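Using ideal geometry, Cβ is built from the backbone for each residue, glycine included, and neighbour counts are taken over all protein chains shown. Each reported figure results from applying straightforward, stated rules to the coordinates on display, with no laboratory input.
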Amino acid sequence: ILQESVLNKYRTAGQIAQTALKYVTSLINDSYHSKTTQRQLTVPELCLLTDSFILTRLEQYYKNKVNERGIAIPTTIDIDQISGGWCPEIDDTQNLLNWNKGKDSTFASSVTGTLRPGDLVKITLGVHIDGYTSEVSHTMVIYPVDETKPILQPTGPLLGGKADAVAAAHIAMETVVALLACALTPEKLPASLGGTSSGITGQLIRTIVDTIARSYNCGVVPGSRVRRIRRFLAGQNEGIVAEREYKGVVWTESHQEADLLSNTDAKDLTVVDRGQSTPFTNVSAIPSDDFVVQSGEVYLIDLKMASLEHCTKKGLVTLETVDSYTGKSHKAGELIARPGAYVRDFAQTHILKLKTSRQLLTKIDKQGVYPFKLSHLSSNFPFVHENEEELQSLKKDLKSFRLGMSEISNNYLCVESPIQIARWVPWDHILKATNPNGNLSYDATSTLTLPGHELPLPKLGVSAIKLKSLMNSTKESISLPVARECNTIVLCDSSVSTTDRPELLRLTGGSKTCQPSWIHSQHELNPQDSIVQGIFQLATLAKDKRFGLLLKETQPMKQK
Amino acid sequence: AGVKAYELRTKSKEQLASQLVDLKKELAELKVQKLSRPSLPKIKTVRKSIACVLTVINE
Amino acid sequence: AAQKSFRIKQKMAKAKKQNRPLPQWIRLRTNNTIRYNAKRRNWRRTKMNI
Amino acid sequence: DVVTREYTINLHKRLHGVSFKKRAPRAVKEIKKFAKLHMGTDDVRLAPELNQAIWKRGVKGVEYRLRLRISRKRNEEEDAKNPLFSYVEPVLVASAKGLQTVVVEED
Amino acid sequence: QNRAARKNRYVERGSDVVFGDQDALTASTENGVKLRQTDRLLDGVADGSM
Amino acid sequence: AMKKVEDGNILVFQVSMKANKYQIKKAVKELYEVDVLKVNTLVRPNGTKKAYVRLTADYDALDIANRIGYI
RNA sequence: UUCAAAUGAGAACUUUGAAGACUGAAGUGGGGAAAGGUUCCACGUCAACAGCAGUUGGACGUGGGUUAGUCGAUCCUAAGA
C-alpha cells in the first residue's frame, strides 16, 4: 500500500509536470518559433497562465482524499546569466524598464520578456502533492526559420559554444541517470569503475562529471544537487532553510580545486592549511565517503553547467547576488530586478500592525511551506475564462498584497529569495589580492547562511564579501550563461511491480519531454586514451536489455 | 561618468531645462529609494550634474 | 512647556540631533586622535540653558 | 524514602516575646526551621495555602496551634545538593487540641 | 472524555514536521537591532572582523 | 504611516520647512495629477516637517505608492 | 512585608500569581501653569550609575511618535516702554 501510494503520487506529479512542460514548450514555439502567427507575448503573462493551468489540472486530483497540494516551484522562464528564481510580474514591466533605463544593452529583451532569437531560454518547474515534490528543468534555443519550406525546420543542426555547453549538460544528465540507475540488484556496473566490489558513492560521479566538463571544455557552476528527498524536505529552499540529515553530494567552488599533485603552479606559497573550525552549521558538510544507494526512497538530480567563452587562462566561476536599487554603479551589462519568491520561517512567531498584513500572513500560513510568488495568492486565480476584468481585479488585489508583503519584509517574518548571476574571475586576482582577515562574520544580512554553510574559500581563507568585492573589482569579468536541467528518480521493487524486477522510474525526464534542440558540432568527448569509459558506459546503457530493461519513464496526458 | 560643461554648454534653454527637470525627477526617485539602504554612491554624480546644469544656465 | 517659540524648538531639535555617541567606523582611519566625543550631553547632568 | 507524617505545630513555643512588626516572618522562619529539625534535609519549601492560613488571622495575630504536614520528595535531576527535599502543606482541624503526629500511608 | 478526540490529531500539522525544530531563531537573533532601518553604528562597518 | 496609507487612503510625505499647505497641494497636483481632499503638516522634533494628504474616493494611494518606488 | 512559579550562571529587591498592607478624594489619583526638552515608547544589551546587589531602570545602543477655519499666540487695550 505504501509503495503503491508512493508510486501513484510520484507518477501523478511527474506526469503533470511533464504535461505542463510540453505545453509550455509548444506554446512558446507557436508564439515565437514555427509559425509567425504574430501572437508574440512576453514572460510574465505566460508564467501566470502556466501557473493557473497547472493549478486547474491539479484541482482534479486528491481534492478530497487528502488536504495538502501545491506548486513546489513557480514556473521560472529565465534567460542567459540568470541562475534561477527570476519570475517577472505583469504589473512590474513598467517599473523594471524604468529601473533599467540607465543601461539595457545586452539585457533589454531579457528584462522586457520579449526574447531575442538565440537567447537560450530555460524553463524550471516544481509541483507539490501532500508533502512530496517533483521538479523539472530544461532549455530551448530559437532562431529565425526558413521560409522556403512550409515544414518550418530551420537549417537542422545549429552552431554555437552555448549550444555545445547545452549538449554537454544533456550528455552529463544522461550519464548520471545511467549510473544512478545501475545501483539496484543489477550490481554489474557497465564500467571499469566497479561492478563487482563498489558501494557506488559520489567519488565516481564527481570523476565522471569532471571528465565530461573537461571534454566539452565547459565549466560547472556550483549549484548542482544529487540529493535524496524525504517528505516535506527536498532542498528547494537551497540554503535558506537548514538541512541536517541530508545524504547527498553538492558542487562548490571549493571543490575541484587543484590538488597537491595537480602538476600546476597554482601559486601555493606554502599558505597554512585552515585548521580553524568551520562555523557551526547543522549540515553533514559533504560526507563524500558514504553514498550507498538504497531502495524505498526518492532522489533528485539537478545539473547546471556554465559555458566558457574566450578566456586567457583558467579562473573561477561563482554566483553574484543582484539588488534592486540601481544605486550601486553603472555598467554596460548590470542587471536590476526585484525578486518575487519569498518564504516564511515558522520558527519566529510575531504579530504585525496591519489588517492586510494579518490576512495575508494567515493565508500564506494556510499555504504550504515552499517558495511562492505574490500572484500565487488570488481568490480568482484559477481563471475559468480568459478575459481582462479578472486580470485587472487580480492587479487591484496584488497592490494591497504587495503592500502587506513589504510590511512582512520590513519586519522579520520572511526571507528574500536571492537571484544569482554566474560570473567568472581569474585565479590570479584572488591569489594576489588582499586578505585582511581569515573570517567574515558579517552578521548584517537578513538571517542565516552567513558563511554559506561551509566557508566560501576554506583554502586560502577568503570570505564571501571579499570574494564578491574582488569579483566586481576586475577588468574582464566575462559573463557565462548556464544550462540547467533536473529530474527525479524513484527506485522500485518486486513488490512494487511483480511483473518485472525492481526497476527505476524517471520522473520529469525522458526524450518525449526532454528532446534537445538540433545541435551538431565537434570537440565532443574525444576518442582514444582513457576517456573511452564514458563512451563504453553509454553504449552499455543502450544495450543493457537482453530484450527489455529495468528503466521506465512517465508520459504526459492530453487536455481532455 | 557624469556630464561635463565643455560639451553641456552647447545647447539652448528649452531642451536643457527639460533635461534638468527630468534629472530632478530622477534624483527625487533616488532619494525615495535610498530610504532602505544607508549607502548609495551614485547620488554624488547626480548632485554634481544638477549643480553644473544650474550654473551653466545662470552663466 | 508646550509653548516654546519656533527658534527655541529649532534649538532643541538641533540639540537632539547632536545628542549621539561617536560612530564606530571613525576609529578605523589612519593616524586617529578621536577617542570619545566630549560634547555628548544628557538631560540629567548638564543643562543647556537654551 | 518518600514519607508523609502529619505533625502539629504551636506558634506560642517560638513566637513568644518577639516584635509585633515581624510576627508573621518570625512564624515563617520558625516553621521552616522546625521542618528542618524534624526531617533532616537541606531544601524546604512552603505552601501558598499555608502562607494564606498563617497571614489570614492578621500580621500580628497569628494563631497558636496550626496543623501541617511534611512530604519528602526526591529531587529532580541535575540537583547538586541531594535527592532530599521537603514540602509543607496545611490542613485545617475542628479543634486544635486532641491531635498528635500521625504518619499517612501513600495512596 | 472521548469527546476531546478532535485536537488529538491536530497536533500533527506536517510542513517539515513544524519547520524542523527552532534553528532560524538562533541566526535571526544575532543582530544587535531588529526591523529594517539604517543603523549609524552597524551599517558604518561592513566586515564582522572590523 | 503604512497603516494609515492602507486604512484611510492618506499619503504621507516629508516636506521642506519653507513650504506650506498651498505649496504642498500645488506640488502634488502638478507632479501626480491627483485630487487632494485635505492636507496637513507637522514639524517633527527631528528638524524637518512631514505632511499628510487625503485624496478623493476617485483615487487610491496604492497605485501611486507602488509607482513611485517605495512599498 | 510573605510564599510559590517563571526567566536567568547566579533572585530579601526583576515579572506573574497567591496573601497582607498603606496613601484615604485639601491623595502617593486624574489634568495642567512656570520650568524642564526627548527623559514618552519599542527593541537588544548591564564594564560605568541607581552608597547593597541587580537578570531591572528616569542607565547603555538603535529607532518610532505630537496632524487645528473652531484649542492658545497672531487681533485690541491698561499700569508702562
Report the FRET efficiency, 1/(1 + (r/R0)^6), for D:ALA96 and D:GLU49, where r is their Cβ-Cβ distance and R0 is 25 Å, rounded to 0.05.
0.90
Fewest first, what order do A:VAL317, A:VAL532 take by the number of other Cβ atoms within 10 Å?
A:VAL532, A:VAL317
How big is the Cα convex hull of chain C in projection, averaged over all directions, in nm²?
4.8
Under a straight-distance cross-link criterion of Cα-Cα below 17 Å, which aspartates and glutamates are reachable from D:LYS13, leaving out those fewer than 8 residues away in the same chain?
D:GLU30, D:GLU63
If you filter the range A:175-260 for trypsin sites (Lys or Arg not before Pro), then keep DSSP loop positions with at most 12 other Cβ within 10 Å, what is left?
A:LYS188, A:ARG244
Sort A:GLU485, A:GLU386, D:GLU105 by Cβ crowding within 10 Å, fewest neighbours at the top.
D:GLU105, A:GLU386, A:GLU485
Around A:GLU174, under 14 Å between beta carbons, what's the net of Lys plus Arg minus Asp minus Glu among the other residues?
-3
Per-residue ellipticity at 222 nm for chain A, helices alone: DSSP H runs ≥ 4 residues times -39500 (n - 2.57), over residue total, nearest 500 deg cm²/dmol?
-9000 deg cm²/dmol
Likely footprinting exposure, A:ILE531, A:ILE151, fewest C-beta neighbours within 10 Å first
A:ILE151, A:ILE531
Quick check: convex hull of the Cα atoms in chain F, volume per residue, rounded to a whole Å³?
92
In the range A:32-72, trypsin sites (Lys or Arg not before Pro) in a DSSP loop with at most 13 other beta-carbon atoms within 10 Å
A:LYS35, A:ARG39, A:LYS63, A:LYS65
Can you give me the long-range amide H partners of F:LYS49? Hydrogens built in the peptide plane at 1.01 Å from N, cutoff under 5 Å, separation of 5 or more residues or another chain.
F:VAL15, F:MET17, F:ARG44
Loop-located trypsin sites (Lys or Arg not before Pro) in chain C whose Cβ has at most 11 other Cβ within 10 Å (DSSP)
C:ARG29, C:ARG35, C:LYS39, C:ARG44, C:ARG45, C:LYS47
Using 20 Å as the Cα-Cα cut-off, could you pick out the over-long pairs in A:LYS355/F:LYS3; A:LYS395/F:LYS29; C:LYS39/F:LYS49; A:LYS103/B:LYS42?
A:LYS395/F:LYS29; C:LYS39/F:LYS49
A correct Karplus calculation of ³J(HN,Hα) over the range D:96-107, with 6.51 cos²θ - 1.76 cosθ + 1.60, θ = phi - 60°, whole Hz and x for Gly and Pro, returns 5, 6, x, 10, 9, 4, 9, 7, 10, 5, 5, 8
Suppose every K and R has +1 on its Cβ and every D and E has -1 on its Cβ; what is the size of the dipole of the protein assembly as shown about the Cα centre, in Debye to the nearest 20?
7180
Rg(Cα) of chain B divided by 2.2 N^0.38 Å?
1.21
With 5 Å bins from zero, work out the P(r) of the range D:6-96 over every alpha carbon pair and list the percent per bin.
3, 13, 25, 23, 16, 11, 5, 3, 1
Rounded to the nearest Å, the spacing of the alpha-carbon centers of the range A:119-147 and the range A:20-40 is 13
Got a sec? Charge dipole of the range D:6-96, +1 on Cβ for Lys and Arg, -1 for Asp and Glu; which of D:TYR87, D:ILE54, D:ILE70 is way out at the positive end?
D:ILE54
Rounded to the nearest 5, what is the percent of antiparallel bridges among the DSSP beta bridges in the protein assembly as shown?
95
Between B:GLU29 and D:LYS32, how many nm apart are label points set 7 Å from Cα along the C-beta direction?
7.2
For A:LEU457, residues with placed amide H under 5 Å, excluding near neighbours
A:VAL462
Please give the helix D:23-39 orientation as an angle from the longest Cα principal axis of chain D, in degrees from 0 to 90, rounded to the nearest 10.
40
Measure nothing fancy, just the Cα-based angle from helix C:6-18's long axis to the longest principal axis of chain C, in degrees from 0 to 90, nearest 10.
20
For the protein assembly as shown: rounded, prolate or oblate by the Cα gyration tensor [a/c cutoff 1.5]:
oblate
Would you kindly derive the ³J(HN,Hα) couplings of the range A:213-229 from the backbone phi angles with the Karplus curve 6.51 cos²θ - 1.76 cosθ + 1.60 (θ = phi - 60°), listing them in order in whole Hz, with x for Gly and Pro?
4, 5, 5, 7, 6, 10, x, 10, 6, x, x, 5, 8, 10, 9, 5, 10
FRET E, pair B:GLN19, C:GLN24, Förster distance 35 Å, beta-carbon r, rounded to 0.05
0.30
So if we plug the beta-carbon distance of E:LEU42 and F:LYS26 into 1/(1 + (r/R0)^6) with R0 = 56 Å, what FRET efficiency do we get, rounded to 0.05?
0.90
Hull surface divided by four, with the convex hull built on the Cα atoms of the range A:220-276: how many nm²?
6.1
For chain A, with +1 on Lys and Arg beta carbons and -1 on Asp and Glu, the positive-most of A:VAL462, A:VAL177, A:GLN522 along the dipole
A:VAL177
Signed unit charges on C-beta, dipole axis of the protein assembly as shown, positive-most listed residue F:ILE64, A:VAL241, A:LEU549:
F:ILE64
In sequence order, what are the phi-derived ³J(HN,Hα) couplings for the range A:472-479 according to the Karplus relation 6.51 cos²θ - 1.76 cosθ + 1.60 with θ = phi - 60°, rounded to whole Hz, with x for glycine and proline?
6, 9, 9, 10, 8, 6, 5, 8
In this model, which of A:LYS396/B:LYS44; A:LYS22/A:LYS363; A:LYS162/A:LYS475 are farther than 26 Å apart at the alpha-carbon?
A:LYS396/B:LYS44; A:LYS22/A:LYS363
5 angstrom amide H check on A:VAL121, placed H, neighbours 5+ away
A:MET140, A:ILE142
